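This document starts with one chain, in the form deposited in one PDB entry, laid out as structure tokens.
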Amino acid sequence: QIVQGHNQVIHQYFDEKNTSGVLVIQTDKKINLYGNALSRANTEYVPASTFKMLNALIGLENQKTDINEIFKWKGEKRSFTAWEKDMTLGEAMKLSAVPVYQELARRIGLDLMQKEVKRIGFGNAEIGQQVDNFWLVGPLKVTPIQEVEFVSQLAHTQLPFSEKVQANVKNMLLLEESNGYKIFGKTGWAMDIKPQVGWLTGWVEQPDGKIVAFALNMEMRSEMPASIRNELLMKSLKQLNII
């Protein structure tokens, strides 16, 4: 079942930021909901850059790229100064460097991408006709419950992809480590749709090996710092004793 967990404290975290959010937690036994807008858990949103996890799996699986490839910066202006360099798929994951993942998506091509997204059953599994932006503006949408299930399957090497491909993508997703707890995950922020949606979807590998998956999903506004997603996640995972 999917139930609200214990949390007046986490409800208050979201309220203090003056926005609506949910945090979905999946253990080997249960799915629990936390936050101040629990109906978000079963609502579809554009995945934004969380879809890089699946883009990478599909690109690597189909040998459109490899973890050693250096993607060339051809010199154009890019939203962030940090993106204006040659980099690997794994580097671009961490920077959320959309141009690299757009180049990859074009290599995959609309037809293979739609076939793979249908095979995985990700969200509504609709990609439309534009292969290089369907995750940012639609029509692809996915609920937070569906994202936490996807990322739990990746964490356990249970997606229907090569084991080595799943290991390679997991290795691109390490965000932080605290006292032997490793926190993996991928941020997203769809800034160009209304309302704006922020994500942080991932899992914790605890020191004894246990895995606890998460999907944070919240309404963003343009004044917020991008770090808000990480801040609310970390504080909540501490409150729940997951880290």
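Position 1 is the first residue in the sequence shown; the rest follow in order. What we label the rigid core is the largest C-alpha set whose atoms superpose within 1.5 Å from one form to the other.
Undergrad: Mean C-alpha B-factor higher for 99-107, or for 69-77?
TA: Mean C-alpha B-factor is greater for 69-77.
Undergrad: Averaged over C-alpha atoms, is the B-factor higher for 58-66 or for 24-32 in this PDB entry?
TA: Averaging CA B-factors over each stretch, the winner is 24-32.
Undergrad: At the C-alpha atoms, which of 117, 148, 131, 142 reaches the highest B-factor in this entry?
TA: In this record, 131 carries the highest C-alpha B-factor of the candidates.
Undergrad: With respect to C-alpha B-factor, does residue 82 fall in the lowest, middle or highest third of the chain as deposited?
TA: It falls in the top third of the chain.
Undergrad: Among all modelled residues of this chain, ranked by Cα B factor, put residue 205 in the bottom, middle or top third, i.e. lowest, middle or highest.
TA: As the PDB entry reports it, the C-alpha B-factor of residue 205 lands in the lowest third of its chain.
Undergrad: Tell me, lowest, middle or highest third: where does the Cα B factor of residue 3 rank within its chain?
TA: Highest third.
Undergrad: Please say which third, lowest, middle or highest, residue 216 falls into when its CA temperature factor is compared across its chain.
TA: Answer is lowest: the recorded C-alpha B-factor places it there.
Undergrad: Residue 166: which third of its chain by C-alpha temperature factor?
TA: Bottom third by C-alpha B-factor.
The discussion below concerns the form deposited in another entry, not included here.
Undergrad: Overlay on the rigid core first, then point out the one of 162, 171, 158, 79 whose CA is displaced 2 Å or more between the shown form and the other one.
TA: It is 79; the other listed residues stay below 2 Å.
Undergrad: Core aligned, does the CA of residue 97 move at least 2 Å between the shown form and the other one?
TA: The answer is yes; the displacement is at least 2 Å.
Undergrad: In the other form, the Cα separation between residue 83 and residue 90 changes by 3 Å or more relative to the shown form; did it shrink or grow?
TA: Here the pair is closer than in the other form; there, farther apart.
Undergrad: Can you confirm the direction of the Cα distance change for residue 226 and residue 75 in the other form, closer or farther than in this form, given it is 3 Å or more?
TA: Here the pair is farther apart than in the other form; there, closer.
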